[PDB]
Amino acid sequence: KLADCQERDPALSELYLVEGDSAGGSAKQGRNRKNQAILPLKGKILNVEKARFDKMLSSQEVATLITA
DNA sequence: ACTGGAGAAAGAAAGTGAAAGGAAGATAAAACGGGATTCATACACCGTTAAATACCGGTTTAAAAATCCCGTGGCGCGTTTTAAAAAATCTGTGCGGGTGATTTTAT
């Protein structure tokens, strides 16, 4: 789901987080593809304050964010 | 000749799809054990009598009970271990409005 940029210098790159695919589609068409990236999420995210470490690890959105 | 960037080769480390097999499950056929009938047949209850046994009086005697000395092991005390049961603390889950997403078929 990641739409990456073309710059290879991390000090000149940006990342945007959006709520879902409907917002991501609109964001990808108006961005500057040279040094901007878009990563869509899915709904409300897990509350890590009330959860456990294994429960956090078993999540999918958190894993995708960590990988990104 | 020399320098530094860039592309291509070559080599080594990590991820991968496929692998007997075995303990761990699961599912049927079989052997079992516990009720409803059906009587014939052996068992329960009632008069009669010869016989076997219980009981009394007095011995006795051999065996068991009572008594004394002693020397030990089997209970008793104090202090540790160790499972077992109980109290305390975590883990899921569903109720109803909200946010955002997935898949298979025909022509």
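Residue numbers begin at 1 in each chain, while the letters A, B, ... track the order of the sequences. Both backbone and side-chain heavy atoms feed into the values below; hydrogens, waters and symmetry mates do not.
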Taking it one step at a time, do A:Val62 and A:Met56 satisfy side chain to side chain contact (heavy atoms under 4.5 Å, CB included)?
CA-CA 7 Å; A:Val62 183; A:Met56 178 194 307; 4.3 Å; yes
Steps toward side chain to side chain contact (heavy atoms under 4.5 Å, CB included) verdict (A:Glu61, A:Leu41):
CA-CA 7 Å; A:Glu61 303 294 334; A:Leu41 296 185; 4.3 Å; yes
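- For A:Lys42, whose side chain is taken as the heavy atoms from C-beta onward, the closest listed nucleotide among B:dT102, B:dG100, B:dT99 is B:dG100.
- Between B:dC39 and B:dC43, the distance separating the two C1' atoms is 16 Å to the nearest Å.
- Residue A:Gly20 is classed as a sugar-phosphate contact, given heavy-atom separations below 4.0 Å to backbone atoms only.
- At B:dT91, one or more side-chain N or O atoms of A:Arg52 fall inside 4.0 Å of OP1 or OP2 (strictly under the cut-off).
- A negative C1'-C2'-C3'-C4' dihedral is found for the sugar of B:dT89, placing it in the south range.
- The backbone N or O of A:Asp9 sits less than 3.5 Å from a side-chain atom of A:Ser13, completing a donor-acceptor pair.
- Distances shorter than 4.0 Å separate some side-chain N or O of A:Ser22 from OP1 or OP2 on B:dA101.
- Remark: P of B:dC90 and NZ of A:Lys50 are 17 Å apart, rounded to the nearest angstrom.
- Linking ILVMFWY side-chain heavy atoms closer than 4.5 Å, directly or via other members, places A:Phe53 and A:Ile66 in two distinct hydrophobic clusters.
- Going from atom CG of A:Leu17 over to atom P of B:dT99 covers 20 Å, rounded to whole Å.
- Hydrophobic clustering (ILVMFWY, side-chain heavy atoms < 4.5 Å, transitive): A:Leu2 and A:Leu17 are in one cluster.
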Let me see the working for A:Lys42 and A:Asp21 under side chain to side chain contact (heavy atoms under 4.5 Å, CB included), right down to the final yes or no.
CA-CA 8 Å; A:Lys42 175 175 172 295; A:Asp21 301 330; over 6 Å; no
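- Here B:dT61 has a south sugar; its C1'-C2'-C3'-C4' angle has a minus sign.
- In DNA chain B, no run of at least 3 consecutive Watson-Crick or G-U pairs with both distances below 3.5 Å is found.
- As a whole-Å value, the separation of A:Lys44 NZ from B:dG97 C1' is 10 Å.
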Check the pair A:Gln6, A:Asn35 against side chain to side chain contact (heavy atoms under 4.5 Å, CB included), reporting the backbone distance first and the verdict last.
CA-CA 6 Å; A:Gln6 301 178 0; A:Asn35 51 12; over 6 Å; no
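- Look at CD on A:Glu19: it is 16 Å from P on B:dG98, rounded to the nearest Å.
- Judged by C1'-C2'-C3'-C4', the furanose ring of B:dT102 adopts a north pucker.
- Distance CG (A:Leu46) to P (B:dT99): 20 Å, rounded to an integer number of Å.
- For B:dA18, the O4'-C1' to base torsion is more than 90° from 0; the nucleotide is therefore anti.
- As a whole-Å value, the separation of A:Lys55 NZ from B:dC90 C1' is 17 Å.
- Base stacking between strand neighbours B:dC77 and B:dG78 is detected by the criterion of six-membered ring centres within less than 5.5 Å and interplanar angle below 30°.
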